[PDB]
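Novice: Mind having a look at this structure? Questions to follow.
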Amino acid sequence: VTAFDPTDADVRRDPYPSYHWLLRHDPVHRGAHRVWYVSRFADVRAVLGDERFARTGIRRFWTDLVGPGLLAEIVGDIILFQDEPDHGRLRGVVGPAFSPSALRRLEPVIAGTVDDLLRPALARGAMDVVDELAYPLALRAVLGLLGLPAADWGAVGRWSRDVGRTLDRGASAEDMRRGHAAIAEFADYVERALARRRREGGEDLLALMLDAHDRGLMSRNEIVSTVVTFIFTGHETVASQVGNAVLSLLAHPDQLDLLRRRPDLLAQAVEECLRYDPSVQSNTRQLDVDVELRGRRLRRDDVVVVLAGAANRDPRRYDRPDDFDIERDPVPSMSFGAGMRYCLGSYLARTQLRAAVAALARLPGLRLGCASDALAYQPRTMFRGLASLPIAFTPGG
Ligand code: HEM
């Protein structure tokens, strides 16, 4: 692997042989376009806990790339684009809404919505897990978190993908026009939700943000941008992970049987899915100062990508790392990051993946609806996710 490129077609559909080489021969690697790639668990964790590997250079590049106006002003304010102290401020505001305690309200909602999504599939004995389970579930869950009407999932998912794809460095004139068009409609939506809370009340996350705005801790734009942040990152990551999880279990029929026979293994089966095929393969940073790493000299202003996908396959951390083992000891992975930017939504994620996998393993005759090889990953670099995952089972469920 002379210069690693995640945009390469081979790497898009199975990056794991590239990773194996990387963490064995070049753990801190200068890849395509002079982007550094960090592979090993120890180093990934090192980078993520270091504020010097920052997001500000990425924000400024992106806002000047999209140009002046509503899109720049709103998406410019997103938490993913901030360093301290703005990052700490926004995280302090929304943080308490994501506690396991604060999220018990959603358990029956999420279990319930998995049921409702399975429901039209049962008599058919077939389903595309991506279209019909993964995406709606993830969108309904993050809407519930916010306190927004869960029936708006489609419209809001669309706005968020149109806006979100505008951060994808491989952009289009078409993507852009749609992004600018969707941010306007999206912003209206949120303002109408805020006004409803202004006049009616609420105890939801959107209400907690509106209150933070009143105490001057958060601007109107920051509320809108936080809403956009959660919906976009909240739904694509979870949806793709539900798909990957089901694939991981279908690919390993014996592991599926074990879980089916031993339902107590659900929690760690999910952990293993997160470990083995994470929907977020990597995260980007840009250095504010020279930093030394495994003898490599990474320069001020260099772009640095940490590979959560590779770090999860690190032999220094995991015995037989390339094997899918649901009975492995649940030892924390990199799938939710570390340090300052650790995943606020990890519990919400787990609740969804547990409910989705529980309901699907419970199905007699569960199998792939197509051939193993006909599967295809989505064209974007931002997440690892299937375009389609047809499954079949015994009609009746
Ligand atoms: C399986 C699904 C998910 C995966 C694999 C995942 C993964 C990650 C990772 C790796 C990070 C660290 C980002 C970095 O270091 O640059 C992160 C951060 C974050 N995630 Fe998640 N996540 C998932 C689901 C969710 C959900 C459901 C939400 C709720 C809306 C959420 C909200 C956030 C937020 C707010 C951050 C903070 C980023 C920052 O402070 O810059 N995530 N996630």
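Starting from 1 in every chain, residues are counted up; chains themselves are A, B, ... following the order of the structure tokens, and ligands are numbered from 1 as listed.
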Mind checking DSSP for segment 56-183 of chain A and telling me the alpha helix (DSSP H) residues as a PyMOL selection string?
Specialist: chain A and resi 56-66+70-75+86-94+107-122+129+135-146+153-164+173-183
Novice: Please, which residues have at least one atom within 8 Å of an atom of ligand 1, using only C-alpha atoms and all ligand atoms, listed as a PyMOL selection string?
Specialist: chain A and resi 48+79-82+87+91+138+141-142+145+229-242+274+278-285+308+334-350+353
Novice: Write out, as a compact mmCIF listing (two decimals), in the first residue's frame, the residues just selected, with N, CA and C atoms.
Specialist:
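Result file is part-v6.txt:
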```
# COMPACT_ATOMS: atom_id res chain seq x y z
N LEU A 48 -6.82 11.29 18.96
CA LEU A 48 -8.15 11.79 19.34
C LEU A 48 -8.15 12.58 20.66
N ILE A 79 -21.16 21.54 15.70
CA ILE A 79 -20.23 21.12 16.75
C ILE A 79 -19.01 20.38 16.20
N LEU A 80 -19.21 19.63 15.12
CA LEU A 80 -18.13 18.90 14.45
C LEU A 80 -17.04 19.84 13.93
N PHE A 81 -17.40 21.10 13.71
CA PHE A 81 -16.49 22.10 13.16
C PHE A 81 -15.79 22.98 14.21
N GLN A 82 -16.02 22.73 15.50
CA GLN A 82 -15.49 23.61 16.55
C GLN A 82 -14.35 22.99 17.35
N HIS A 87 -16.59 24.31 21.43
CA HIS A 87 -16.95 22.90 21.46
C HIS A 87 -17.49 22.50 22.84
N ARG A 91 -21.40 21.16 23.70
CA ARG A 91 -21.45 19.85 24.33
C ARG A 91 -22.03 19.89 25.77
N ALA A 138 -33.51 4.83 12.38
CA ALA A 138 -32.50 5.79 12.80
C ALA A 138 -33.01 7.23 12.77
N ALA A 141 -35.73 7.57 15.55
CA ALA A 141 -35.04 7.67 16.86
C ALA A 141 -34.47 9.06 17.15
N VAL A 142 -33.72 9.62 16.21
CA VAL A 142 -33.19 10.96 16.43
C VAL A 142 -34.27 12.07 16.46
N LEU A 145 -35.57 11.76 19.95
CA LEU A 145 -34.61 12.40 20.82
C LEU A 145 -34.88 13.91 20.87
N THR A 229 -26.96 18.79 12.69
CA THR A 229 -25.87 17.90 13.10
C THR A 229 -26.40 16.54 13.56
N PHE A 230 -27.34 16.57 14.50
CA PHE A 230 -27.82 15.35 15.11
C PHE A 230 -28.54 14.50 14.08
N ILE A 231 -29.41 15.11 13.29
CA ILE A 231 -30.22 14.35 12.33
C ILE A 231 -29.34 13.69 11.28
N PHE A 232 -28.41 14.46 10.73
CA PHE A 232 -27.55 13.92 9.70
C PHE A 232 -26.62 12.83 10.23
N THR A 233 -25.78 13.17 11.21
CA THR A 233 -24.83 12.21 11.79
C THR A 233 -25.55 11.11 12.58
N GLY A 234 -26.65 11.45 13.22
CA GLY A 234 -27.39 10.46 13.98
C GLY A 234 -27.99 9.36 13.13
N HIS A 235 -28.37 9.66 11.89
CA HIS A 235 -29.19 8.69 11.16
C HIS A 235 -28.41 7.81 10.19
N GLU A 236 -27.46 8.41 9.50
CA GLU A 236 -26.63 7.70 8.55
C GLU A 236 -25.71 6.69 9.23
N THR A 237 -25.23 7.03 10.42
CA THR A 237 -24.28 6.20 11.12
C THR A 237 -24.97 4.97 11.67
N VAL A 238 -26.12 5.20 12.31
CA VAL A 238 -26.89 4.13 12.93
C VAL A 238 -27.48 3.24 11.83
N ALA A 239 -28.09 3.86 10.82
CA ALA A 239 -28.69 3.12 9.73
C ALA A 239 -27.66 2.20 9.07
N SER A 240 -26.50 2.75 8.74
CA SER A 240 -25.46 1.94 8.12
C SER A 240 -24.94 0.84 9.05
N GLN A 241 -24.91 1.12 10.35
CA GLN A 241 -24.46 0.13 11.31
C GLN A 241 -25.46 -1.02 11.47
N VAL A 242 -26.76 -0.70 11.46
CA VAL A 242 -27.78 -1.75 11.46
C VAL A 242 -27.58 -2.70 10.28
N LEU A 274 -20.15 -3.53 16.09
CA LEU A 274 -19.51 -2.21 16.12
C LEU A 274 -18.01 -2.33 15.89
N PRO A 278 -17.49 -1.16 11.68
CA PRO A 278 -18.04 0.14 12.07
C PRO A 278 -18.52 0.98 10.88
N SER A 279 -19.65 1.67 11.05
CA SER A 279 -20.18 2.54 10.01
C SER A 279 -19.35 3.80 9.85
N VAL A 280 -18.65 4.20 10.91
CA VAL A 280 -17.72 5.32 10.81
C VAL A 280 -16.31 4.75 10.84
N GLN A 281 -15.73 4.59 9.65
CA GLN A 281 -14.41 3.98 9.47
C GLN A 281 -13.26 4.90 9.92
N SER A 282 -13.50 6.21 9.86
CA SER A 282 -12.43 7.20 10.06
C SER A 282 -12.96 8.59 10.38
N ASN A 283 -12.09 9.41 10.97
CA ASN A 283 -12.36 10.82 11.28
C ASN A 283 -11.17 11.69 10.87
N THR A 284 -11.47 12.90 10.43
CA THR A 284 -10.44 13.79 9.91
C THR A 284 -10.08 14.93 10.89
N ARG A 285 -8.80 15.32 10.90
CA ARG A 285 -8.31 16.44 11.72
C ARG A 285 -7.30 17.18 10.87
N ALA A 308 -10.58 4.36 12.55
CA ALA A 308 -11.30 3.52 13.50
C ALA A 308 -11.47 2.09 12.99
N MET A 334 -12.88 1.65 19.10
CA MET A 334 -12.76 3.03 18.62
C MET A 334 -13.98 3.54 17.84
N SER A 335 -15.02 2.71 17.73
CA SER A 335 -16.18 3.00 16.86
C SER A 335 -16.94 4.26 17.25
N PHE A 336 -16.81 4.66 18.52
CA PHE A 336 -17.41 5.89 19.04
C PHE A 336 -16.37 6.97 19.38
N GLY A 337 -15.14 6.79 18.92
CA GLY A 337 -14.07 7.76 19.17
C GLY A 337 -13.56 7.79 20.60
N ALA A 338 -12.89 8.88 20.96
CA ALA A 338 -12.31 9.07 22.29
C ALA A 338 -11.97 10.53 22.53
N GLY A 339 -11.78 10.90 23.79
CA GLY A 339 -11.37 12.26 24.15
C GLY A 339 -12.49 13.28 24.01
N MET A 340 -12.09 14.51 23.67
CA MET A 340 -13.01 15.65 23.52
C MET A 340 -14.29 15.35 22.71
N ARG A 341 -14.17 14.58 21.63
CA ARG A 341 -15.28 14.40 20.68
C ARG A 341 -16.01 13.06 20.76
N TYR A 342 -15.79 12.30 21.83
CA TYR A 342 -16.45 11.01 22.03
C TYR A 342 -17.94 11.10 21.70
N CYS A 343 -18.50 10.02 21.17
CA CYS A 343 -19.86 10.02 20.64
C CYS A 343 -20.94 10.23 21.69
N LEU A 344 -21.61 11.38 21.62
CA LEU A 344 -22.70 11.69 22.53
C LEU A 344 -23.83 10.69 22.40
N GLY A 345 -24.00 10.13 21.21
CA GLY A 345 -25.13 9.27 20.90
C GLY A 345 -24.92 7.78 21.05
N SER A 346 -23.82 7.37 21.67
CA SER A 346 -23.47 5.95 21.77
C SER A 346 -24.54 5.08 22.42
N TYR A 347 -25.23 5.62 23.41
CA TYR A 347 -26.26 4.84 24.10
C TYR A 347 -27.49 4.72 23.22
N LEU A 348 -27.85 5.83 22.58
CA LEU A 348 -28.97 5.85 21.66
C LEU A 348 -28.72 4.87 20.52
N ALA A 349 -27.47 4.86 20.04
CA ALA A 349 -27.04 3.92 19.01
C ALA A 349 -27.25 2.47 19.43
N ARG A 350 -26.75 2.14 20.61
CA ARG A 350 -26.83 0.80 21.15
C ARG A 350 -28.25 0.34 21.35
N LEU A 353 -29.51 -0.62 17.86
CA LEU A 353 -28.87 -1.82 17.31
C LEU A 353 -29.30 -3.07 18.05
```
Novice: When you count only C-alpha atoms, which of these residues is closest to residue 112 of chain A: A:71, A:137, A:93, A:182?
Specialist: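 Closest to residue 112 of chain A, using only C-alpha atoms: A:137.
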Novice: Please provide as number ranges by chain all residues within 7 Å of residue 394 of chain A, with the sequence filter that same-chain residues fewer than 3 positions apart are discarded (counting only C-alpha atoms).
Specialist: A: 125, 364-365, 397
Novice: Determine, counting only C-alpha atoms, which protein, DNA and RNA residues have an atom within 6 Å of an atom of residue 225 of chain A; residues of the same chain fewer than 4 positions away are not included. Present the result as a ChimeraX atom specification.
Specialist: /A:74-75,78,221,229
Novice: Excluding residue 220 of chain A and any residue of its chain fewer than 3 positions from it, enumerate the residues within 12 Å of it, using only C-alpha atoms, and give them as a ChimeraX atom specification.
Specialist: /A:73-74,77,187-188,190-191,194-195,206,209-214,216-217,223-227
Novice: Could you please take those selected residues and save N, CA and C atoms as an mmCIF file, in the first residue's frame?
Specialist:
```cif
data_model
loop_
_atom_site.group_PDB
_atom_site.id
_atom_site.type_symbol
_atom_site.label_atom_id
_atom_site.label_comp_id
_atom_site.auth_asym_id
_atom_site.auth_seq_id
_atom_site.Cartn_x
_atom_site.Cartn_y
_atom_site.Cartn_z
ATOM 1 N N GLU A 73 -23.289 30.004 7.060
ATOM 2 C CA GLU A 73 -23.621 30.529 8.388
ATOM 3 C C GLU A 73 -24.159 29.478 9.360
ATOM 4 N N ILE A 74 -24.924 28.513 8.857
ATOM 5 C CA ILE A 74 -25.531 27.513 9.731
ATOM 6 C C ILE A 74 -24.622 26.314 9.914
ATOM 7 N N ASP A 77 -21.567 26.615 11.986
ATOM 8 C CA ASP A 77 -21.721 26.597 13.441
ATOM 9 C C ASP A 77 -21.793 25.197 14.055
ATOM 10 N N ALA A 187 -34.192 25.044 7.856
ATOM 11 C CA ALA A 187 -34.155 26.098 8.878
ATOM 12 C C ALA A 187 -35.558 26.571 9.247
ATOM 13 N N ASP A 188 -36.414 26.759 8.240
ATOM 14 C CA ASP A 188 -37.830 27.075 8.445
ATOM 15 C C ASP A 188 -38.486 26.072 9.369
ATOM 16 N N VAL A 190 -37.187 24.007 11.600
ATOM 17 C CA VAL A 190 -36.731 24.077 12.986
ATOM 18 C C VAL A 190 -37.298 25.294 13.700
ATOM 19 N N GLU A 191 -37.339 26.424 12.995
ATOM 20 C CA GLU A 191 -37.896 27.652 13.547
ATOM 21 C C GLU A 191 -39.360 27.475 13.934
ATOM 22 N N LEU A 194 -39.390 25.426 17.091
ATOM 23 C CA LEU A 194 -38.990 26.283 18.198
ATOM 24 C C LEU A 194 -40.145 27.180 18.633
ATOM 25 N N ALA A 195 -40.843 27.771 17.662
ATOM 26 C CA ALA A 195 -42.000 28.625 17.942
ATOM 27 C C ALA A 195 -43.115 27.862 18.668
ATOM 28 N N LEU A 206 -34.984 19.728 22.037
ATOM 29 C CA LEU A 206 -35.244 21.001 21.382
ATOM 30 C C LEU A 206 -35.657 22.069 22.394
ATOM 31 N N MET A 209 -32.575 23.148 24.382
ATOM 32 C CA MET A 209 -31.760 24.049 23.580
ATOM 33 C C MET A 209 -32.346 25.454 23.543
ATOM 34 N N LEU A 210 -33.671 25.533 23.471
ATOM 35 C CA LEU A 210 -34.363 26.811 23.433
ATOM 36 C C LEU A 210 -34.111 27.563 24.737
ATOM 37 N N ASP A 211 -34.100 26.820 25.845
ATOM 38 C CA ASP A 211 -33.778 27.350 27.168
ATOM 39 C C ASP A 211 -32.338 27.845 27.237
ATOM 40 N N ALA A 212 -31.421 27.072 26.668
ATOM 41 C CA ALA A 212 -30.011 27.444 26.625
ATOM 42 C C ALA A 212 -29.845 28.745 25.856
ATOM 43 N N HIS A 213 -30.608 28.887 24.770
ATOM 44 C CA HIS A 213 -30.656 30.132 23.990
ATOM 45 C C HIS A 213 -31.102 31.332 24.839
ATOM 46 N N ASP A 214 -32.082 31.112 25.724
ATOM 47 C CA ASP A 214 -32.594 32.161 26.623
ATOM 48 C C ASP A 214 -31.558 32.585 27.661
ATOM 49 N N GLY A 216 -28.515 32.556 26.934
ATOM 50 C CA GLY A 216 -27.481 33.112 26.070
ATOM 51 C C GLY A 216 -26.331 32.172 25.767
ATOM 52 N N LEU A 217 -26.534 30.876 25.990
ATOM 53 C CA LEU A 217 -25.475 29.882 25.813
ATOM 54 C C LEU A 217 -25.411 29.339 24.399
ATOM 55 N N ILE A 223 -28.722 26.422 17.439
ATOM 56 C CA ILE A 223 -29.806 25.462 17.614
ATOM 57 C C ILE A 223 -30.069 24.751 16.295
ATOM 58 N N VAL A 224 -30.346 25.520 15.244
ATOM 59 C CA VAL A 224 -30.588 24.968 13.912
ATOM 60 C C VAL A 224 -29.441 24.059 13.451
ATOM 61 N N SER A 225 -28.201 24.477 13.698
ATOM 62 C CA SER A 225 -27.048 23.725 13.227
ATOM 63 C C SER A 225 -26.858 22.457 14.053
ATOM 64 N N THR A 226 -27.167 22.542 15.341
ATOM 65 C CA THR A 226 -27.146 21.362 16.198
ATOM 66 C C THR A 226 -28.225 20.369 15.773
ATOM 67 N N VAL A 227 -29.405 20.874 15.414
ATOM 68 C CA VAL A 227 -30.481 20.004 14.958
ATOM 69 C C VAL A 227 -30.028 19.261 13.718
#
```
